[PDB]
Every structure is written in structure tokens, then in C-alpha cells.
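Structure below is model_19.txt: compact mmCIF, C-alpha atoms and all ligand atoms.
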```
# COMPACT_ATOMS: atom_id res chain seq x y z
CA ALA A 2 -76.32 -117.89 -40.69
CA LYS A 3 -72.94 -116.20 -40.42
CA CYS A 4 -72.52 -113.32 -42.87
CA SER A 5 -69.50 -111.07 -43.43
CA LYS A 6 -67.92 -108.85 -40.77
CA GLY A 7 -69.37 -110.84 -37.91
CA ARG A 8 -72.94 -110.16 -38.95
CA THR A 9 -75.72 -112.75 -38.93
CA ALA A 10 -79.03 -113.38 -40.62
CA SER A 11 -81.73 -115.92 -39.98
CA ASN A 12 -81.66 -116.91 -43.65
CA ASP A 13 -78.32 -117.58 -45.34
CA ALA A 14 -79.61 -116.08 -48.60
CA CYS A 15 -79.80 -112.67 -46.86
CA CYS A 16 -76.04 -112.58 -46.32
CA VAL A 17 -75.30 -111.27 -49.81
CA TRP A 18 -77.30 -108.15 -48.96
CA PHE A 19 -74.81 -107.17 -46.24
CA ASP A 20 -72.12 -107.06 -48.94
CA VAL A 21 -74.40 -105.08 -51.27
CA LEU A 22 -75.11 -102.72 -48.35
CA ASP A 23 -71.43 -102.05 -47.73
CA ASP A 24 -70.80 -101.32 -51.40
CA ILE A 25 -73.71 -98.97 -51.97
CA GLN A 26 -73.22 -97.17 -48.69
CA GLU A 27 -69.51 -96.51 -49.34
CA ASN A 28 -69.67 -95.91 -53.08
CA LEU A 29 -73.10 -95.20 -54.64
CA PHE A 30 -74.26 -93.16 -51.63
CA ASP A 31 -70.83 -91.58 -50.86
CA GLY A 32 -70.64 -92.76 -47.28
CA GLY A 33 -74.24 -93.24 -46.27
CA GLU A 34 -75.50 -89.85 -47.41
CA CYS A 35 -79.14 -88.92 -48.14
CA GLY A 36 -78.19 -87.02 -51.30
CA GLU A 37 -78.68 -87.15 -55.05
CA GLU A 38 -78.18 -90.91 -55.56
CA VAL A 39 -80.54 -91.75 -52.69
CA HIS A 40 -83.21 -89.41 -54.07
CA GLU A 41 -82.86 -90.96 -57.54
CA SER A 42 -82.94 -94.48 -56.15
CA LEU A 43 -86.07 -93.80 -54.16
CA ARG A 44 -87.80 -92.43 -57.26
CA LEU A 45 -86.68 -95.51 -59.19
CA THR A 46 -88.51 -97.82 -56.77
CA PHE A 47 -91.76 -96.21 -57.92
CA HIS A 48 -90.93 -96.12 -61.64
CA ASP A 49 -90.14 -99.82 -61.58
CA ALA A 50 -93.06 -100.88 -59.36
CA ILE A 51 -95.91 -98.83 -60.72
CA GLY A 52 -95.77 -100.54 -64.12
CA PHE A 53 -98.54 -102.85 -62.92
CA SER A 54 -102.13 -102.61 -64.14
CA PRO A 55 -104.90 -105.02 -63.26
CA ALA A 56 -107.09 -102.86 -65.58
CA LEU A 57 -105.06 -104.02 -68.54
CA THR A 58 -104.78 -107.63 -67.35
CA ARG A 59 -108.56 -107.85 -67.04
CA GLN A 60 -108.98 -106.76 -70.62
CA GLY A 61 -106.63 -109.55 -71.75
CA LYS A 62 -103.66 -107.27 -72.19
CA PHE A 63 -100.27 -107.40 -70.48
CA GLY A 64 -100.48 -105.15 -67.43
CA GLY A 65 -96.77 -105.09 -66.40
CA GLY A 66 -94.94 -107.13 -63.82
CA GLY A 67 -94.66 -104.46 -61.10
CA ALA A 68 -91.53 -104.50 -58.93
CA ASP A 69 -89.72 -106.81 -61.33
CA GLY A 70 -86.57 -104.99 -62.48
CA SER A 71 -88.15 -104.34 -65.89
CA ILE A 72 -87.07 -100.70 -66.03
CA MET A 73 -83.47 -101.89 -65.69
CA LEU A 74 -83.48 -105.09 -67.78
CA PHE A 75 -85.49 -103.26 -70.48
CA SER A 76 -84.02 -99.84 -69.91
CA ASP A 77 -83.73 -99.11 -73.59
CA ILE A 78 -87.54 -99.37 -73.88
CA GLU A 79 -88.75 -98.07 -70.53
CA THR A 80 -86.38 -95.15 -69.98
CA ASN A 81 -87.59 -93.69 -73.26
CA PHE A 82 -91.17 -93.43 -72.02
CA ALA A 83 -91.97 -89.76 -71.51
CA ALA A 84 -92.86 -90.27 -67.87
CA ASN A 85 -89.45 -91.85 -67.34
CA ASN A 86 -87.48 -88.76 -68.27
CA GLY A 87 -84.51 -88.45 -65.99
CA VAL A 88 -84.32 -91.99 -64.78
CA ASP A 89 -81.70 -93.47 -67.01
CA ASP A 90 -78.80 -91.89 -65.07
CA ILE A 91 -79.52 -93.86 -61.92
CA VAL A 92 -80.53 -96.98 -63.82
CA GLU A 93 -77.14 -97.08 -65.50
CA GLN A 94 -75.33 -96.51 -62.23
CA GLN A 95 -77.25 -99.26 -60.48
CA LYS A 96 -77.26 -101.91 -63.22
CA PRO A 97 -73.54 -102.91 -63.06
CA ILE A 98 -73.69 -103.02 -59.21
CA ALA A 99 -76.57 -105.49 -59.29
CA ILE A 100 -74.72 -107.58 -61.90
CA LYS A 101 -71.41 -107.53 -59.98
CA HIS A 102 -73.19 -108.83 -56.85
CA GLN A 103 -75.43 -111.17 -58.90
CA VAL A 104 -78.60 -109.97 -57.27
CA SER A 105 -81.79 -109.45 -59.25
CA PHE A 106 -82.59 -106.02 -60.65
CA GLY A 107 -85.98 -105.89 -58.97
CA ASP A 108 -84.48 -106.74 -55.61
CA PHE A 109 -81.60 -104.29 -56.10
CA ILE A 110 -83.87 -101.40 -56.98
CA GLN A 111 -85.98 -101.90 -53.85
CA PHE A 112 -82.89 -102.49 -51.68
CA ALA A 113 -81.23 -99.28 -52.86
CA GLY A 114 -84.39 -97.33 -52.07
CA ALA A 115 -84.73 -98.89 -48.62
CA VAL A 116 -81.04 -98.49 -47.68
CA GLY A 117 -80.88 -95.03 -49.15
CA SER A 118 -83.99 -93.72 -47.41
CA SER A 119 -82.66 -94.99 -44.08
CA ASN A 120 -79.79 -92.52 -44.49
CA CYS A 121 -82.15 -89.54 -44.40
CA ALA A 122 -82.60 -87.75 -41.05
CA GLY A 123 -85.67 -89.15 -39.38
CA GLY A 124 -86.04 -91.56 -42.28
CA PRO A 125 -87.96 -94.76 -42.64
CA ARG A 126 -86.77 -98.36 -42.26
CA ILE A 127 -88.59 -99.98 -45.13
CA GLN A 128 -89.16 -103.75 -45.18
CA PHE A 129 -86.87 -105.54 -47.58
CA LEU A 130 -87.84 -108.88 -49.13
CA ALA A 131 -85.60 -110.71 -51.63
CA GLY A 132 -86.12 -113.20 -54.43
CA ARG A 133 -87.69 -111.33 -57.33
CA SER A 134 -86.97 -112.92 -60.73
CA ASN A 135 -85.20 -111.15 -63.56
CA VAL A 136 -87.38 -112.95 -66.14
CA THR A 137 -90.14 -110.49 -67.02
CA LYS A 138 -91.31 -108.28 -69.92
CA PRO A 139 -91.14 -104.51 -70.46
CA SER A 140 -93.83 -102.45 -68.78
CA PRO A 141 -96.56 -101.01 -70.98
CA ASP A 142 -96.18 -97.26 -71.51
CA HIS A 143 -98.49 -94.74 -69.85
CA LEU A 144 -98.52 -96.35 -66.39
CA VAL A 145 -96.39 -93.81 -64.54
CA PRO A 146 -98.25 -90.71 -63.29
CA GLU A 147 -97.02 -87.36 -64.63
CA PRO A 148 -96.93 -84.03 -62.84
CA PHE A 149 -99.53 -82.57 -65.24
CA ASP A 150 -102.07 -85.37 -64.68
CA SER A 151 -105.24 -84.40 -62.82
CA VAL A 152 -105.89 -85.63 -59.30
CA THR A 153 -108.68 -87.81 -60.76
CA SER A 154 -106.19 -89.37 -63.17
CA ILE A 155 -103.44 -89.89 -60.56
CA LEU A 156 -105.86 -91.43 -58.06
CA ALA A 157 -107.36 -93.75 -60.71
CA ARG A 158 -103.91 -94.90 -61.83
CA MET A 159 -102.66 -95.43 -58.30
CA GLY A 160 -105.97 -97.07 -57.36
CA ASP A 161 -105.61 -99.55 -60.22
CA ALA A 162 -102.16 -100.39 -58.86
CA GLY A 163 -103.70 -100.93 -55.39
CA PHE A 164 -103.38 -97.67 -53.43
CA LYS A 165 -106.08 -95.69 -51.75
CA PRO A 166 -105.87 -91.85 -51.78
CA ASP A 167 -104.39 -91.81 -48.26
CA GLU A 168 -101.63 -94.14 -49.41
CA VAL A 169 -100.86 -91.92 -52.41
CA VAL A 170 -100.35 -89.05 -49.94
CA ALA A 171 -98.18 -91.22 -47.69
CA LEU A 172 -96.01 -92.29 -50.67
CA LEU A 173 -95.52 -88.62 -51.52
CA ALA A 174 -93.63 -88.22 -48.26
CA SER A 175 -90.81 -89.19 -50.61
CA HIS A 176 -90.99 -85.65 -51.97
CA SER A 177 -89.56 -84.55 -48.63
CA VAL A 178 -86.22 -85.89 -49.88
CA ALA A 179 -86.40 -84.96 -53.53
CA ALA A 180 -85.55 -82.60 -56.39
CA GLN A 181 -86.21 -82.23 -60.11
CA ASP A 182 -83.91 -82.33 -63.11
CA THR A 183 -86.10 -82.56 -66.21
CA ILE A 184 -89.14 -80.30 -65.67
CA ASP A 185 -86.87 -77.22 -65.81
CA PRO A 186 -83.32 -78.40 -66.63
CA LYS A 187 -81.85 -75.03 -65.86
CA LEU A 188 -83.03 -75.43 -62.23
CA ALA A 189 -81.91 -79.00 -61.95
CA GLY A 190 -81.35 -79.98 -58.33
CA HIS A 191 -83.83 -77.53 -56.83
CA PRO A 192 -85.75 -79.51 -54.20
CA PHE A 193 -89.43 -79.88 -53.40
CA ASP A 194 -88.91 -78.79 -49.80
CA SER A 195 -86.42 -76.82 -47.77
CA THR A 196 -84.87 -79.97 -46.26
CA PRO A 197 -84.08 -82.54 -48.95
CA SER A 198 -81.89 -84.62 -46.59
CA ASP A 199 -84.48 -84.69 -43.79
CA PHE A 200 -87.45 -87.04 -44.02
CA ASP A 201 -89.74 -84.48 -42.41
CA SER A 202 -93.06 -82.74 -42.95
CA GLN A 203 -91.67 -79.54 -44.52
CA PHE A 204 -92.85 -80.77 -47.94
CA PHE A 205 -96.43 -80.95 -46.73
CA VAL A 206 -96.26 -77.51 -45.15
CA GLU A 207 -94.49 -75.74 -48.01
CA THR A 208 -96.67 -77.10 -50.79
CA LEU A 209 -99.65 -75.46 -48.97
CA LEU A 210 -98.10 -71.99 -49.20
CA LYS A 211 -99.32 -69.66 -51.94
CA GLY A 212 -97.18 -69.94 -55.06
CA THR A 213 -95.57 -66.59 -55.70
CA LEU A 214 -92.28 -67.12 -57.64
CA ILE A 215 -91.19 -68.26 -61.07
CA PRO A 216 -87.77 -69.61 -60.11
CA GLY A 217 -86.21 -69.65 -63.60
CA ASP A 218 -87.01 -67.54 -66.62
CA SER A 219 -90.38 -69.18 -67.17
CA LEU A 220 -92.74 -71.91 -66.04
CA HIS A 221 -92.68 -75.28 -67.76
CA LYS A 222 -95.10 -78.15 -68.31
CA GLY A 223 -95.67 -79.84 -64.95
CA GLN A 224 -94.50 -76.86 -62.86
CA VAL A 225 -96.37 -74.10 -61.06
CA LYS A 226 -95.06 -71.10 -59.08
CA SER A 227 -93.07 -71.89 -55.97
CA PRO A 228 -93.36 -70.19 -52.57
CA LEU A 229 -89.71 -69.90 -51.58
CA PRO A 230 -86.41 -69.11 -53.34
CA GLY A 231 -84.60 -72.30 -54.25
CA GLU A 232 -87.71 -74.53 -54.05
CA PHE A 233 -89.45 -76.17 -56.99
CA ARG A 234 -93.21 -76.91 -57.10
CA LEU A 235 -94.96 -79.55 -59.16
CA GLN A 236 -98.45 -78.96 -60.50
CA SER A 237 -99.60 -82.33 -59.18
CA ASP A 238 -98.35 -81.78 -55.63
CA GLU A 239 -100.04 -78.40 -55.53
CA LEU A 240 -103.35 -79.94 -56.63
CA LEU A 241 -103.16 -82.95 -54.31
CA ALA A 242 -102.47 -80.73 -51.30
CA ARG A 243 -105.69 -78.78 -52.05
CA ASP A 244 -108.09 -81.42 -53.48
CA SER A 245 -110.81 -82.56 -51.08
CA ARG A 246 -110.00 -86.23 -51.76
CA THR A 247 -106.45 -85.87 -50.42
CA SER A 248 -106.19 -82.55 -48.54
CA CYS A 249 -106.97 -83.80 -45.05
CA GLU A 250 -104.42 -86.60 -45.25
CA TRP A 251 -101.87 -84.12 -46.66
CA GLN A 252 -102.47 -81.89 -43.64
CA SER A 253 -102.40 -84.93 -41.32
CA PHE A 254 -98.64 -85.26 -41.77
CA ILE A 255 -98.37 -81.71 -40.42
CA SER A 256 -100.85 -82.24 -37.59
CA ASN A 257 -99.32 -85.64 -36.69
CA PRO A 258 -95.76 -85.80 -38.03
CA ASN A 259 -94.99 -88.98 -36.11
CA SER A 260 -97.31 -90.85 -38.50
CA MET A 261 -95.30 -90.05 -41.63
CA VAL A 262 -92.65 -92.74 -41.21
CA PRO A 263 -95.04 -95.61 -40.30
CA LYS A 264 -97.52 -94.76 -43.05
CA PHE A 265 -94.74 -94.40 -45.64
CA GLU A 266 -93.21 -97.66 -44.52
CA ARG A 267 -96.47 -99.58 -44.92
CA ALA A 268 -97.23 -98.09 -48.34
CA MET A 269 -93.65 -98.76 -49.54
CA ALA A 270 -93.76 -102.39 -48.40
CA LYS A 271 -96.80 -102.77 -50.68
CA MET A 272 -95.27 -100.89 -53.57
CA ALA A 273 -92.05 -102.90 -53.36
CA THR A 274 -94.04 -106.11 -53.82
CA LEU A 275 -96.39 -105.18 -56.68
CA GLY A 276 -96.41 -108.13 -59.04
CA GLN A 277 -94.91 -110.39 -56.37
CA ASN A 278 -96.13 -112.80 -53.67
CA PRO A 279 -94.32 -112.00 -50.39
CA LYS A 280 -94.93 -115.53 -49.19
CA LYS A 281 -92.65 -116.65 -51.99
CA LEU A 282 -89.85 -114.16 -51.13
CA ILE A 283 -87.49 -114.15 -48.13
CA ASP A 284 -87.38 -111.45 -45.47
CA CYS A 285 -84.02 -109.67 -45.36
CA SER A 286 -85.35 -106.61 -43.53
CA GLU A 287 -82.74 -106.80 -40.80
CA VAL A 288 -80.07 -105.73 -43.34
CA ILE A 289 -81.59 -102.29 -43.74
CA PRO A 290 -79.89 -99.88 -41.29
CA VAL A 291 -81.83 -98.34 -38.46
CA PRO A 292 -82.51 -94.67 -39.30
CA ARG A 293 -81.30 -91.86 -37.06
CA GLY A 294 -82.77 -88.52 -36.16
CA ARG A 295 -85.74 -87.26 -34.16
CA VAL A 296 -89.21 -86.44 -35.45
CA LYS A 297 -88.87 -82.79 -36.22
CA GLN A 298 -91.54 -80.19 -35.41
CA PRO A 299 -92.84 -78.74 -38.69
CA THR A 300 -92.47 -74.99 -38.96
CA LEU A 301 -93.49 -72.12 -41.16
CA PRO A 302 -90.58 -70.73 -43.18
CA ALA A 303 -89.05 -67.45 -42.12
CA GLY A 304 -91.04 -64.56 -43.50
CA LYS A 305 -94.24 -66.59 -43.98
CA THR A 306 -97.41 -66.46 -41.95
CA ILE A 307 -100.55 -68.49 -41.60
CA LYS A 308 -102.18 -66.11 -44.11
CA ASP A 309 -99.78 -67.54 -46.74
CA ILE A 310 -101.14 -71.07 -46.15
CA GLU A 311 -104.02 -72.11 -48.43
CA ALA A 312 -105.70 -74.33 -45.85
CA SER A 313 -107.68 -76.98 -47.63
CA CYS A 314 -108.95 -79.60 -45.11
CA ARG A 315 -112.60 -79.03 -44.53
CA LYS A 316 -113.01 -80.86 -41.29
CA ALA A 317 -109.94 -79.51 -39.42
CA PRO A 318 -108.00 -76.26 -39.26
CA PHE A 319 -104.34 -76.05 -40.13
CA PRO A 320 -102.29 -76.68 -36.99
CA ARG A 321 -100.50 -74.01 -35.02
CA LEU A 322 -96.85 -74.20 -36.01
CA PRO A 323 -93.84 -72.21 -34.90
CA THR A 324 -92.45 -69.75 -37.45
CA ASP A 325 -88.75 -69.61 -38.11
CA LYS A 326 -87.28 -66.27 -37.01
CA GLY A 327 -85.65 -63.77 -39.29
CA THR A 328 -85.54 -63.68 -43.07
CA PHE A 329 -85.62 -66.61 -45.42
CA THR A 330 -82.36 -67.90 -47.02
CA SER A 331 -82.66 -69.42 -50.45
CA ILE A 332 -82.67 -73.23 -50.34
CA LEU A 333 -79.44 -74.77 -51.65
CA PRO A 334 -79.74 -77.04 -54.67
CA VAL A 335 -78.94 -80.68 -54.05
CA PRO A 336 -75.27 -81.47 -54.97
CA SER A 337 -74.53 -84.01 -57.73
CA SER A 338 -71.27 -85.42 -59.12
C1 LIG A 401 -98.17 -89.69 -57.22
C2 LIG A 401 -97.65 -89.20 -58.36
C3 LIG A 401 -96.23 -88.73 -58.51
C4 LIG A 401 -95.85 -87.78 -59.43
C5 LIG A 401 -96.74 -87.10 -60.44
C6 LIG A 401 -94.44 -87.53 -59.24
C7 LIG A 401 -93.69 -86.66 -60.00
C8 LIG A 401 -92.35 -86.44 -59.84
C9 LIG A 401 -91.57 -85.54 -60.69
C10 LIG A 401 -92.11 -84.78 -61.88
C11 LIG A 401 -90.32 -85.50 -60.21
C12 LIG A 401 -89.08 -84.82 -60.78
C13 LIG A 401 -88.50 -85.64 -61.93
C14 LIG A 401 -87.40 -84.83 -62.60
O1 LIG A 401 -87.66 -83.82 -63.17
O2 LIG A 401 -86.19 -85.02 -62.28
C15 LIG A 401 -90.27 -86.43 -59.07
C16 LIG A 401 -89.17 -86.67 -58.29
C17 LIG A 401 -89.12 -87.62 -57.26
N1 LIG A 401 -90.17 -88.46 -56.96
FE1 LIG A 401 -92.12 -88.26 -57.39
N2 LIG A 401 -93.96 -88.37 -58.21
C18 LIG A 401 -95.05 -89.11 -57.79
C19 LIG A 401 -94.90 -90.16 -56.88
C20 LIG A 401 -93.74 -90.59 -56.31
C21 LIG A 401 -93.62 -91.77 -55.48
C22 LIG A 401 -94.81 -92.69 -55.21
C23 LIG A 401 -92.36 -91.84 -55.08
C24 LIG A 401 -91.67 -92.90 -54.23
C25 LIG A 401 -92.21 -93.43 -53.17
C26 LIG A 401 -91.64 -90.72 -55.63
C27 LIG A 401 -90.35 -90.35 -55.36
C28 LIG A 401 -89.67 -89.27 -55.90
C29 LIG A 401 -88.37 -88.88 -55.49
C30 LIG A 401 -87.53 -89.43 -54.33
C31 LIG A 401 -88.02 -87.82 -56.40
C32 LIG A 401 -86.70 -87.11 -56.40
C33 LIG A 401 -85.76 -87.58 -57.50
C34 LIG A 401 -84.48 -86.80 -57.52
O3 LIG A 401 -84.14 -85.99 -56.69
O4 LIG A 401 -83.71 -87.12 -58.54
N3 LIG A 401 -92.51 -89.98 -56.41
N4 LIG A 401 -91.54 -86.98 -58.86
CA CA A 402 -91.40 -102.83 -63.50
CA CA A 403 -87.59 -82.66 -46.19
```
File written out as C-alpha cells:
Amino acid sequence: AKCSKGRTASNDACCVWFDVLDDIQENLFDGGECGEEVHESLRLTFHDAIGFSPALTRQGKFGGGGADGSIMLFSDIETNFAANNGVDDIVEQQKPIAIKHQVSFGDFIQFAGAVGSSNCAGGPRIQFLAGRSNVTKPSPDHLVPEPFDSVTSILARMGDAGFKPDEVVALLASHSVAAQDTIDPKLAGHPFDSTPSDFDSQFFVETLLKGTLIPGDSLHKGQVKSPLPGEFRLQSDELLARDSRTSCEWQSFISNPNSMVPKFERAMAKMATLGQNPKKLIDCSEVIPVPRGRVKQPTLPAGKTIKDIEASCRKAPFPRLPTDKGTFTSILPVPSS
């Protein structure tokens, strides 16, 4: 099929997505940047999709429709769930764009996450299927993991949704391009790793450092001490890096950084289709841009040593990494306008 600007797709119904791509790249994402709107859009993929619970369905209760646009269509309900603090900003930015292009909310949310992540250095190229229906119901509350939930709780929730522990760790590669706004609002924009525009393994390294700093005036629910000026640390990430159920796979992204993109891609393709049958969607994956940037070598931050790493994988020692020279410079907050 002939799409706009001389582009083609095997299925004519993919053509619309090239026009959505141009709009979000130029406007929402300020010229194809891996910044604030990308980070928010990637988080939104999870907050929409994870509202899916076979455990509830099996007890004769509504379990949620998964990657169905519900968080957007029913934003008034879902964005007031506690675990959805901070999501309404991006939902309200995205909603009129989906409507103006007459594409479904569920499809738009996943598309924005896939396009956006491809803008990050060394980023993924997530599969993109289209055809999700807008006709759904609001998610039940209490289906989105919180940063104060135990590893047992997070793994049981994610397991109900369909993800093994290794896949939970892979999905958390997203925290390599990520910041917080609502855990400590005064430190809004402080990222989870030193490189929030690079889809790299710094998140996995830096979460294994000993927490030594309270970045603001106090700690807050869901937060623990951070290791580096400018960085923010979630309670949950700290625990998952160190728990025996997840610690080896956490370290695996440091030992074998080349695996991060493929494992994230596979887990995201699954997440993006919770509540859907791919065989009844169309494959518009070719619309997603090809990411740029090499696989970076993970390093220890300037001023840190191996003694600062709380190595937690029983079977295998923490890999030998280079250490950045000199003294550490505080990590810049992520810009937002
Ligand atoms: C496994 C349990 C998870 C927990 C407990 C968790 C928790 C959080 C929290 C507390 C924040 C900061 C929210 C705020 O204060 O602004 C956050 C941000 C983020 N999360 Fe996670 N998350 C998890 C899984 C995921 C998954 C599966 C993805 C997507 C694949 C994801 C993508 C992101 C992104 C990209 C951000 C950055 C948002 C921004 O910069 O505005 N998270 N997460
Ligand atoms: Ca949903
Ligand atoms: Ca990073």
C-alpha cells in the first residue's frame, strides 16, 4: 500500500500510523527526543496494560481488559487510583492526539511507547500491532504494582498478568530511561540512572550501589537512599536488585548488556497485547523507527568502587567494569515543559 511521503506498508491500515508517527515525533516528542514525554509514554504502556488479572476472572470477577485504552477512556476513574499518581498529565496530552487521528486509545498508547523508546540511544524497536477496540470497561483498582510492595507481591501480581521473574527484570530496563515526579515532588525529574536518554545498563549497575544519600530534605514512602547526587532510588528497585529470585537476572544485564534490548522487546510485545489476540490485530511494526546508538559498556560511576556494589547473585560474581575517571558530577534532572 502507498502511504504518505512515499512510504509503503504491506497493509493499507498501517498507513495512518506513519501520519501519527510524524505528528508525535515533531510535536509530542519535540523532534524525536528521548525526554520527558517519551518517559511518561513508556510508563503509560504499563499502567494501561497491567490492568489484567486472570486471578479475578477465575473468581467470576472482572479482571480488566489489559492493553485496551481503559486508562485513557476512563481516565477520570483510573487516574485517581493511588498507583496511578502522576499519569494524568501524559494521558491528557495523548488523548486529543489519538482522537484527532481517529486511532484507538489502546493502540495509541502502545504506539507512543514504541516510537518514543526508539528515540533513546541504543533503544529498542518494539513490535507494534494495531486494531485494539475502544469498547472496554475501567480496570479494577489495585492491579498496578507500587514501589513499596514487596518482591513477593510484585512477582505475584506480574505473574498473574503473565510474566516470569526474569521478564519483570527485563521490563524494568525501562527504568534506564526514567524519572519520578510524585514520590518526592520537590525532586521531580530526578532520574533512576545517570543516563535517562540512553537505554543502557547504568540503571542495573547503579541500583546495586550502597544507598548513601537522602536527596531532598527527607525520605518518602516508596523511596530509599540513593547512591549518587541527582539520582532517585525506589524501594522496589533496590529490593529486586538484591532478592535471590531476581538478582541474577538483574546482574545479567550488566554481564551481558547486549541482551537488554532483545529481552525488553520480547517482554514488551507481550505486555502490549495483554487482553488481546495478536492473530486478530494487524502488524504495523515497520512504522516504528530503527533505533540508533551502540551497546554501551556499563561502568562504575566516578568515585565508586567495587566495594560500593552490594553484589547479590549467588552463582556468579559481579563483572569487572571500567570506572569513570575523576569525580562525580551530579546528574541533571530531566527537562520538562
Ligand atoms: C515492576 C514494578 C514497577 C514499579 C513498582 C514501578 C514504579 C515506578 C515509580 C514509582 C515511578 C515514578 C512515578 C512518579 O513518581 O512519577 C516509575 C516511573 C517509570 N516507570 Fe516504573 N515501575 C514498575 C514497572 C515498570 C514497567 C513494567 C515499565 C514499562 C515497561 C515502567 C516504566 C517506567 C518509566 C518509563 C518511568 C518513568 C516515568 C517518567 O519519567 O515520567 N515501570 N515506575
Ligand atoms: Ca487497561
Ligand atoms: Ca540509562
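Comparing the minimum interatomic distances between ligand CA 403 (chain A) and each of A:81, A:95, A:202, A:140, counting only C-alpha atoms and all ligand atoms, we find that A:202 sits nearest.
Distance check against ligand CA 402 (chain A) using only C-alpha atoms and all ligand atoms: of A:50, A:155, A:275, A:312, the minimum falls on A:50.
For the choices A:170, A:78, A:179, A:188, the atom-to-atom distance to ligand LIG 401 (chain A) is smallest for A:179 when using all atoms listed in the file.
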Go through region 15-80 of chain A residue by residue and, counting only C-alpha atoms, keep those with an atom at most 12 Å from region 290-301 of chain A; for each kept residue give the shortest atom pair and its distance in Å to one decimal, ordered by chain and increasing number, as CSV.
```
residue,atom,partner,partner_atom,distance
A:18,CA,A:290,CA,11.6
A:19,CA,A:290,CA,10.2
A:22,CA,A:290,CA,9.0
A:23,CA,A:290,CA,10.9
A:26,CA,A:290,CA,10.3
A:33,CA,A:290,CA,10.0
A:34,CA,A:292,CA,11.8
A:35,CA,A:292,CA,11.1
```
Practice task
Please identify the residues whose atoms come within 9 Å of ligand CA 402 (chain A), using all atoms listed in the file, and report them as a ChimeraX atom specification.
Solution key: /A:46-53,65-73,79,107,137-140,275-276
Exercise for the section: For ligand LIG 401 (chain A), collect every residue having any atom at a distance of at most 6 Å from a ligand atom (counting only C-alpha atoms and all ligand atoms); output as a PyMOL selection string. Expected result: chain A and resi 37+40-41+43-44+47+87+146-148+169+172-173+175-176+178-184+237
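In this comparison, which uses only C-alpha atoms and all ligand atoms, the residue of A:228, A:160, A:197, A:36 approaching ligand CA 403 (chain A) most closely is A:197.
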Problem - Test item: residues no farther than 7 Å from ligand CA 403 (chain A), counting all atoms listed in the file, as a PyMOL selection string - result: chain A and resi 177-178+194-204
Practice task
Take CA of residue 135 (chain A) and CA of residue 111 (chain A) and report the distance between them in Å, one decimal.
Solution key: 13.4 Å
Which neighbours of region 277-282 of chain A fall inside 7 Å, counting only C-alpha atoms, when residues of the same chain fewer than 6 positions from it are skipped, and could you give them as a JSON list (two decimals) with C-alpha atoms, keeping the file's coordinate frame?
```json
[["chain", "number", "residue", "atom", "x", "y", "z"],
["A", 130, "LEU", "CA", -87.84, -108.88, -49.13],
["A", 131, "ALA", "CA", -85.60, -110.71, -51.63],
["A", 132, "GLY", "CA", -86.12, -113.20, -54.43]]
```
